[PDB]
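Here we start with a single chain on its own, the form deposited in one PDB entry, put down as C-alpha cells.
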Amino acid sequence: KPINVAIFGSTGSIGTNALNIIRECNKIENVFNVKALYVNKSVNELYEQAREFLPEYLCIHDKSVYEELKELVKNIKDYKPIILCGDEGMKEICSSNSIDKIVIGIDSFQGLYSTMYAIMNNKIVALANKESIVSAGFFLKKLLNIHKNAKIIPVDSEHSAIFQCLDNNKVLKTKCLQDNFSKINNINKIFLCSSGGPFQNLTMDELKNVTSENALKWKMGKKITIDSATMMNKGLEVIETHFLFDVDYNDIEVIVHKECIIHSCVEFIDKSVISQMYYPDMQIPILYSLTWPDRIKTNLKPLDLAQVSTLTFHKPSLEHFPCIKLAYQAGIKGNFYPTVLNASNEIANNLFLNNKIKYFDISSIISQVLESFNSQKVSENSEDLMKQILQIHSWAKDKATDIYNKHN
C-alpha cells in the first residue's frame, strides 16, 4: 500500500518541501515510506532528517563527510540504516527493489546522473531538475524507450501544471518524453506562464545597469533567481516543455503572468484551453508527482480567487529578455545546442551573480558559445551519447569562461 520513495537532494528547497508534504500526508495513514535520503555534503541537516524519517538508506555524495555522518547517526537509537556514499551509493539505491519513486531535487547538470540511473532501474522519476531535460532531452527519450516501466513525472511548477491539465485517460496511454505524446493527448499549443522576474518593467536603459543585488534583494535560491531575472529560466522551460510533452517550438507561447496564479495552460485541438492554478507553490507539484494518477487530501490554504481579484497576461519583450530567443533558437536547432545553451548559461549566470559581467553580457556570452559550437553526429549507443553530452557540456562551460576571460 505505501508508496516507497527516495528523496535525492533531500536537504535543498525541493527536498525539504517534499519531506514537508510527505510528513503532512503521513500524519494518519502510512501513505509514503521514505526509504532513502541522498545529499551532497549537508551531513548535519541529513542527520536531523534521518532522525525523523528513519530511512533504510542514507547516502552522501561527498565522501569526506562520510565518517561525520556515520558518527552522528550512531546517536539515533534502534536505527541501523545502510549508509552509502558517492555514485556507487546512488546506484545501489536506484537498484533497490524497495523503492518505487525517486524525487530528483539535485540541482545543475549533476542531477542528470541520478535521473539516468533511476530510469535505468525502471523507477518513477519525479523530476524537478530541468537542466537534465534540456541538456540530455533526446538521451532521456532513448532511455525511456529502452526502460519500458520507467517514467518521468514533471515537478517543475509549469510542467506539473501542463501535465495536470491533461486528461489522465490519454496520459496513461503514453508517457512524458514519448514520441507522439502530444498527438495522443490532443495538444495543440502550450501557454507557458512566467512571473517575468524582477526586471520585467525596466526600460532598456535601466536594464543595462541591473546587478545581481537588484535581482536578489518571491525568495528563491540564487541560480534560479538570476535565471528568472534574465528569463533564461523560461527559455530552459520552453525546451523542457518541448521534450516532456512532444510539443513543437512554434506551439509554445511564453506568457508573463505576474500574479503567478495560473501556472500554465494547454490548448487542445478543439481550441479549448485548460489551465492549472494555485498560489505559487511547490508542494502540489511535488505531491502530484508522487500520487499521480491519483490525488490525495492536503491542508493547503484554498485559493481565494476573489481576494486575488485580478490576473494579467502579456507577451515578454525579446529585446529586453534575449535569453528567451536564444533558448528557442537552440531548441529548434536541436542536436547538442540545448546542452551548450545550458552549460554556457551556468557560467554566465554565475559571472553575473558574482558581479563580473553586465546583464546583456549574459546573453552575449551564451550567444557566442552557441555560435561557436559545431554540430556533432549523435552517438548511437546510450553510454557513448552520455560521454558526448558530458564532453560538450564541459567544452561549453570552458568556452564561456574563455570568452569572459578574453574580454576584460
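In case it trips you up, residue 1 is the first one in the sequence shown, and so on. In this text, rigid core is short for the largest set of C-alphas that superpose within 1.5 Å between two forms.
**Q** Relative to the deposited sequence, how many residues with no modelled coordinates occur between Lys217 and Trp218 (none, 1 to 3, 4 to 9, 10 or more)?
**A** According to the record, 1 to 3 deposited residues lack coordinates from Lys217 to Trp218.
**Q** Between 232-240 and 318-326, which has the larger average Cα B-factor in the PDB entry?
**A** On average, C-alpha B-factors are higher across 318-326.
**Q** Once you work out the mean C-alpha B-factor for both 70-78 and 275-283 from the entry, which is higher?
**A** According to the PDB entry, the answer is 70-78.
**Q** Quiz for you: based on the deposited Cα B-factor, which of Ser98, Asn188, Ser114, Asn185 is highest?
**A** Of the candidates given, the C-alpha B-factor peaks at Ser98.
**Q** Of the choices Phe163, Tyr337, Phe109, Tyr288, which one's C-alpha carries the largest B-factor in the record?
**A** Answer, based on the entry's C-alpha B-factors: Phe109.
**Q** Could you place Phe138 in the lowest, middle or highest third of its chain by Cα temperature factor, using the values in the record?
**A** Tercile = highest for this residue's CA B-factor.
**Q** Can you tell me whether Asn381 has a C-alpha B-factor in the lowest, middle or highest third compared with the other modelled residues of the same chain?
**A** Highest third, going by the recorded CA B-factors of the chain.
**Q** Taking the chain's C-alpha temperature factors as the reference, tell me which third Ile403 falls into: lowest, middle or highest.
**A** Highest third.
**Q** Please place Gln307 in the lowest, middle or highest third of its chain according to the CA B-factor in the PDB entry.
**A** According to the entry, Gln307 has a C-alpha B-factor in the chain's highest third.
**Q** Going by the entry, which third of its chain does the Cα temperature factor of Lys333 land in?
**A** It falls in the top third of the chain.
Although it is not shown, the form deposited in another entry is what the next lines describe.
**Q** Aligned on the rigid core, do the two forms place the Cα of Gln391 2 Å or more apart, comparing between the shown form and the other one?
**A** It does, since the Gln391 C-alpha is displaced 2 Å or more between the shown form and the other one after the core fit.
**Q** Honestly, after the rigid core fit, is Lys297 moving at least 2 Å at Cα between the shown form and the other one?
**A** No: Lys297 shifts by under 2 Å between the shown form and the other one.
**Q** Using a rigid core superposition, assess whether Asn350 undergoes a CA shift of 2 Å or more between the shown form and the other one.
**A** The answer is yes, as the C-alpha of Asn350 shifts between the shown form and the other one by 2 Å or more after core alignment.
**Q** A 3 angstroms or greater change in CA distance between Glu383 and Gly86 is reported in the other entry. Closer or farther than in this form?
**A** Closer in the other entry, by 3 Å or more.
**Q** Specify closer or farther for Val39 and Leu353: how their Cα atoms are spaced in the other entry versus the shown form, given a shift of 3 angstroms or more.
**A** More distant in the other entry, by 3 Å or more.
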